[PDB]
Amino acid sequence: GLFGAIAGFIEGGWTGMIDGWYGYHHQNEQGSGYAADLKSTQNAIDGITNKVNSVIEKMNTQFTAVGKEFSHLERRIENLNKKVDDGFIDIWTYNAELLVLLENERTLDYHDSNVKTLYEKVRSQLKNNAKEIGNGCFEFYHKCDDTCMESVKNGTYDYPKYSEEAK
Amino acid sequence: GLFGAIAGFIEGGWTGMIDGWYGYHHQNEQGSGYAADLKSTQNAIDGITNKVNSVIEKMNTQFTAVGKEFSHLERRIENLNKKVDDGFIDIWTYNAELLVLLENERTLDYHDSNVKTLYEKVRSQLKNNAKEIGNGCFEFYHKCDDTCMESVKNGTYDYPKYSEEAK
Amino acid sequence: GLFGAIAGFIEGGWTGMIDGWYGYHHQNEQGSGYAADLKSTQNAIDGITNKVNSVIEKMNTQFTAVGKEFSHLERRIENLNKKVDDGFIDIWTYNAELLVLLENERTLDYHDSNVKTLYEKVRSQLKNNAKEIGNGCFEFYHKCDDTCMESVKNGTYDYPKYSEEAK
Amino acid sequence: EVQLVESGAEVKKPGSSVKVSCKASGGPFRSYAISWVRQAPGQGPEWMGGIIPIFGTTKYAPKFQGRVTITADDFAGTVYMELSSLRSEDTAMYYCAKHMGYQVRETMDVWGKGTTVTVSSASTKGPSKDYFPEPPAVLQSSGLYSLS
Amino acid sequence: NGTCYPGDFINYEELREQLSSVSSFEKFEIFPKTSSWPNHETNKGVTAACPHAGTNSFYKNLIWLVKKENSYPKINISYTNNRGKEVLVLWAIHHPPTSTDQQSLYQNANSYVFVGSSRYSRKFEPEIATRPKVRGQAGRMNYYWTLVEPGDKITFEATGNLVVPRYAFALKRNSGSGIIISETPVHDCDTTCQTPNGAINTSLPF
Amino acid sequence: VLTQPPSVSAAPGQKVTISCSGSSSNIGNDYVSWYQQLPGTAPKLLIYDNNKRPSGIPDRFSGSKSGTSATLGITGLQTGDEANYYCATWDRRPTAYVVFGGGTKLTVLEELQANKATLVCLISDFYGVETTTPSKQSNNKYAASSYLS
Ligand SMILES: *[C@@H]1O[C@H](CO)[C@@H](O[C@@H]2O[C@H](CO)[C@@H](O)[C@H](O)[C@H]2NC(C)=O)[C@H](O)[C@H]1NC(C)=O
Ligand SMILES: *[C@@H]1O[C@H](CO)[C@@H](O)[C@H](O)[C@H]1NC(C)=O
Ligand SMILES: *[C@@H]1O[C@H](CO)[C@@H](O)[C@H](O)[C@H]1NC(C)=O
Ligand SMILES: *[C@@H]1O[C@H](CO)[C@@H](O)[C@H](O)[C@H]1NC(C)=O
Ligand SMILES: [Cl-]
Ligand SMILES: [Cl-]
Ligand SMILES: [Cl-]
């Protein structure tokens with residue numbers, strides 16, 4: 001991916017995070033678990049539903065379009081009519097296939113950027129109260145109980161509070 | 001934005017920076033102010049003017065194209081002529097609308113990347129002579145008078161000179 | 001470039017790295033040299049060959065399409081036939097030129113992302129056993145002989161081993 | 001705003017099943033969940049279950065777990081609700097309501113006007129006294145209404 | 001099972017395009033069978049080319065007029081379009097192979113036919129020649145049609161050879177209809193989108 | 001389940017408060033919303049996330065949550081505010097689901113030839129057998145009906 005996160009420094013995905021597209025896995029003395037990140041999953045679902053609606057709205061429905069009949073003395077306009085019908089089909093087929101190919105690439109890069117944005121948000125929060133251990137994990141220098149973990153996932157982690165409590 | 005800066009870790013924009021698209025706001029004992037970053041605003045204006053010219057040049061002007069008349073015994077070629085005219089209009093309408101939708105997305109991401117590039121340039125300059133305080137601001141560990149600030153914005157900040165002068 | 005690496009913080013290219021698109025230049029007491037990064041050059045060659053094949057496959061070959069003849073009493077269908085032929089040529093010319101313009105932009109950004117991904121991979125490896133000196137170079141705090149350099153380029157650098165051997 | 005429009009009223013016999021629908025304006029894909037809530041006469045609302053956009057996952061209340069099936073045709077901007085093994089106690093007004101975001105939650109901010117499902121052992125019959133679905137009246141043990 | 005009596009159908013392709021924008025019509029007898037023709041032989045014009053379970057029959061909407069005891073008076077009947085909708089009108093022209101059969105069926109030497117409106121005006125001179133046999137008849141019947149705009153009148157003036165119309169059609173248009181060619185059968189299904197291979201039940205864009 | 005008082009009453013211009021009491025599985029560990037319901041109309045959201053109002057809900061509606069009890073408050077009581085009020089929350093009890101309170105009503109201050117024969121006893125102008133519940137006339141007197149088969 002263009003942003004190095006998905007299939008990048010975060011080596012793989014989580015079948016155990018079921019409530020969203022991006023999120024957290026935590027691990028402290030009380031226990032472990034997954035939790036989707038609602039705010040960022042929501043923003044992506046906004047954009048992707050918008051993307052799909054955009055594709056729909058641009059392909060107005062085809063109304064009644066039947067063929068025509070020609071005599072054995074009208075083959076030039078018969079072939080012209082065939083040329084027109086075939087031509088437009090070749091063009092909408094190209095348009096349809098190309099749009100989906102290009103939008104598919106952008107959609108995947110979009111998800112990749114969203115994961116990277118989330119990781120950097122947490123990194124910016126924890127600063128040097130935790131060790132960046134690669135694979136997208138932060139190892140805390142202080143005890144981080146469930147309330148501590150919950151505050152990281154809310155974006156209201158308290159870097160001054162824990163900077164004095166390092167192990 | 002795909003790069004996390006605009007409406008990202010830099011929470012908002014500056015109505016008080018009037019001379020360009022991206023730039024600085026400084027704050028030291030002598031005073032405060034805004035200043036656009038000429039070199040990066042120029043590069044973006046190059047590309048966006050180029051983008052707009054590209055759209056223009058690809059839509060060659062329509063010359064004289066009038067309708068035709070048919071008799072009550074020529075309705076097959078009348079409808080064929082109507083089919084052709086309508087078809088091409090549906091295709092140029094699709095082309096026009098799609099190009100603008102896609103270019104609009106890329107233009108916004110482009111600006112987002114330009115802001116992020118600028119922030120990382122400064123970060124790479126100041127290194128650990130200043131504290132990354134989020135929201136895109138650097139808090140200096142040494143006194144940074146107007147000449148000091150001016151050199152940051154010129155890209156010729158003197159990391160050795162000030163590494164010995166920290167407060 | 002959208003990722004700030006090519007023509008960015010890495011100021012220029014290497015005519016002396018001949019075996020690939022992205023790679024390393026090392027410099028220790030035994031000597032210096034270039035070396036392409038096979039794994040990342042391969043991934044890009046996969047995608048670009050795929051991109052070029054995609055363009056090819058979407059432009060199916062034109063089969064026999066000859067003109068037609070009309071009498072001095074058939075100028076309406078003569079002009080209609082001319083309108084059809086010209087129209088489709090204007091549309092495939094637009095399609096061809098636009099696809100290449102857009103794919104060219106994405107291809108360049110693609111290479112830019114690949115270089116940035118590589119640089120951050122190494123940075124993540126070396127951690128604080130080396131000094132980020134800008135321009136894409138890392139200056140080691142420990143002696144890094146050829147085996148040491150070879151392990152960096154394999155992605156199996158041994159941060160614990162050398163953290164005790166700093167100069 | 002958003003308009004939720006449920007399908008017409010239904011009258012069904014016990015043990016059969018009913019499939020009602022809810023058509024949403026705009027879209028047709030939505031970025032918010034939709035759930036179904038019913039309310040029997042003289043009772044509070046009770047949530048039945050909901051469905052999540054893109055993921056398509058569903059949650060059901062324990063009371064209807066096992067006999068309710070919520071589905072979505074996002075291209076038609078429509079959501080469906082099928083309820084089976086109908087009891088007389090299932091007679092209620094059925095609403096579809098949307099949530100503020102993509103997860104089903106206690107907060108449903110916009111509701112449809114509701115549609116009724118009546119579950120009776122009776123069948124339709126013309127009056128002579130002894131008529132069924134309402135065209136104040138009282139209902140006998142027969143399930144038939146008798147008015148005056 | 002189209003034209004059982006041989007001949008060329010004039011502007012038959014154009015007639016098909018006119019009908020693909022027709023949802024319904026009003027079928028009436030523009031010239032009643034017995035009321036319109038008083039001194040003309042009506043019920044003597046069947047043929048073996050157009051059969052009907054052994055016996056001979058003919059088109060149900062056109063009528064083949066012939067001589068009434070070696071007498072065929074010149075016709076000058078007309079119809080004004082007091083219907084509000086355009087009226088489709090068809091007729092035919094008969095070309096017997098032998099000049100004897102011209103006076104055998106129409107009693108007149110060298111006949112003429114004229115049809116008239118505002119969008120149509122033409123006269124016909126029946127051509128007699130030894131054409132090959134198709135359905136047993138060496139003669140040819142050439143079929144014609146014209147649309148009568150509301151308020152206009154059509155006129156048929158002839159001395160034989162004119163295959164008069166009985167029933168015409170007052171058309172209601174509905175763009176969004178057409179003619180399709182399919183071998184697939186009809187059912188009591190109801191769809192909103194139809195193709196000649198079958199009906200589509202979907203909300204997808206392609 | 002969530003328990004509310006069945007019924008509360010007050011005079012116009014006064015402030016009333018509707019309590020919603022649950023357990024640690026519902027209110028004590030999740031957000032609380034409130035809905036207003038008028039006869040013939042769908043439930044209308046008044047309060048979400050314990051104490052926030054949607055657009056269009058007036059200042060005089062308010063909510064709060066203390067430990068295990070939530071509370072709706074209404075001031076400047078109007079005649080149009082006489083309705084049923086319901087709290088709702090996300091219960092993690094058995095399988096998780098949305099659970100409503102019980103509700104709180106706010107008040108502001110020839111035939112015998114077919115081998116069958118039925119009785120007719122009507123009643124109105126007040127203030128085996130089926131019985132009609134007391135409906136409401138346009139007169140605003142109570143009316144009903146009753147039959148013994
Ligand atoms: C309807 O169409 C059928 C089939 O084309 C006609 O029948 C054919 O007539 C030719 C005449 O030489 C025969 O050789 C064929 O054997 C016949 N086919 C069959 C299947 O019988 C028929 O004449 C048409 N009927 C009308 C009234 O036009
Ligand atoms: C979570 O963050 C919001 C701000 O976005 C804050 O208002 C709220 O109090 C936080 N929750 C907790 C439990 O700290
Ligand atoms: C600003 O930077 C340029 C190099 O880009 C340098 O030549 C110039 O001297 C600098 N100006 C000052 C005042 O240092
Ligand atoms: C290079 O890396 C691979 C793993 O990707 C490892 O198996 C191999 O042993 C490494 N080579 C050396 C010389 O360390
Ligand atoms: Cl990816
Ligand atoms: Cl943006
Ligand atoms: Cl570049």
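Residues numbered from 1 in each chain as written, not as in the entry; some residues may be left out. Chains lettered and ligands numbered in written order. Part of a larger assembly, values for the part shown. Heavy atoms only, no water. Residues with missing side-chain atoms left out of burial classes, pairs and counts.

Taking the PDB entry as the reference, chain F is identified by name as CR6261 Fab light chain belonging to Homo sapiens. The title line of the PDB record says "Crystal structure of influenza A virus hemagglutinin from A/Ohio/09/2015 bound to the stalk-binding CR6261 antibody Fab".

Per the PDB entry, chain D carries the name CR6261 Fab heavy chain and comes from Homo sapiens.

1. Observations concerning the overall build of chain D
Each helix and strand counted, chain D has zero helices and 13 strands in total. In sequence order, the secondary structure elements of chain D are arranged as β-β-β-β-β-β-β-β-β-β-β-β-β. Viewed in the frame of its principal axes, chain D has a C-alpha envelope of about 55 × 30 × 25 Å. (Helix = DSSP H or I, 4+ residues; strand = E, 2+ residues; numbered from the N terminus.)

2. Some words on the sheet that holds strand β5 (residues 61-66) of chain F
Residues and elements named next belong to chain F. Taken together, the three strands give an open sheet; going across it, the order is β2-β6-β5, and neighbouring strands pair in antiparallel fashion. Lying at the two open borders of the sheet, with one neighbouring strand each, are β2 (16-21) and β5. Adjacent strand axes in the sheet meet at a mean angle of 20°, parallel and antiparallel pairs treated alike. Across six bridges, β5 lies against strand β6 (residues 69-74) in antiparallel orientation. Each bridged residue has a counterpart across the sheet, and for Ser62 the counterpart in β6 is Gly73. (Pairing = 2+ DSSP bridges. Axes fitted to C-alpha atoms, helices over the stretch in contact; angles between N-to-C directions.)

3. Description of helix α1 (residues 38-58) of chain A
Residue pairs three or four apart in sequence face the same way in an α-helix, which turns once every 3.6 residues. Its 21 residues place the ends of α1 of chain A 30 Å apart at the C-alpha level, agreeing with the 30 Å of an ideal helix rising 1.5 Å per residue. Packed against the buried residues of α1 of chain A are α2 (75-126) of chain A together with α2 (75-126) of chain B. (Expected span 1.5 Å × (residues − 1). Contact = heavy atoms within 4.5 Å.)

4. Topic: unusual backbone geometry
The omega angle of the peptide bond from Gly27 of chain D to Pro28 of chain D is 5°, so this bond is cis rather than trans. Along the polypeptide, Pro28 of chain D turns up in the loop between β3 (18-24) and β4 (34-39). Phi at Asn135 of chain C takes a positive value of approximately 55°, unusual for a residue other than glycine. For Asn135 of chain C, the location among the structural elements is in the loop between β3 (130-132) and β4 (138-140).

5. A few points about the environment of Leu108 of chain B
Considering the arrangement of structural elements, one finds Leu108 of chain B in helix α2. We classify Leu108 of chain B as exposed; its relative accessible area is 59%. (Buried < 20%, exposed > 50% of the residue type's maximum accessible area, 1.4 Å probe, protein only.)

6. Observations regarding the interface of chain A and chain D
Listed per partner, the contact involves 15 residues of chain A and twelve residues of chain D. Taken together, the two surfaces of chain A and chain D that pack against each other cover about 1,100 Å², and 68% of this comes from carbon and sulfur. Our count for the contact surface shared by chain A and chain D stands at zero salt bridges. Applying the counting criterion to the chain A and chain D interface returns six residue pairs in polar contact. (Buried area = accessible area lost by both parts, 1.4 Å probe. Salt bridge = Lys/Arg side-chain N within 4 Å of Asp/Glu carboxyl O. Polar contact = N/O pair within 3.5 Å; in protein donor to acceptor, adjacent residues only side chain to side chain.)

7. Some points on the packing of helix α1 (residues 38-58) of chain B against α2 of chain B
All names here are of chain B. For the pair α1 and α2, the least separation of the axes is 11 Å and the interaxial angle reads 170°. By the criterion of interaxial angle, the relationship of α1 to α2 is roughly antiparallel. Counted together, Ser40, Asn43, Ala44, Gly47, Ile48, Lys51 and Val55 of α1 and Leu99, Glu103, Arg106, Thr107, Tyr110, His111, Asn114 and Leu118 of α2 form the full contact between these two elements. Split by residue class, the contact of α1 with α2 holds six nonpolar, six polar and three charged. (Parallel < 35°, antiparallel > 145°, perpendicular 65-115°, else oblique. Nonpolar A, V, L, I, M, F, W, Y, C, P; charged D, E, K, R; others polar.)

8. Observations concerning the sheet that holds β3 of chain D
Residues and elements named next belong to chain D. Strand order in the open sheet formed by four strands is β1-β3-β8-β7, with antiparallel pairing between adjacent strands. The open sheet is flanked by β1 (4-6) and β7 (68-73), the only strands paired with a single partner. Ignoring which end each strand starts from, the neighbouring axes of this sheet average 20° apart. Across three bridges, the pairing between β1 and β3 is antiparallel.

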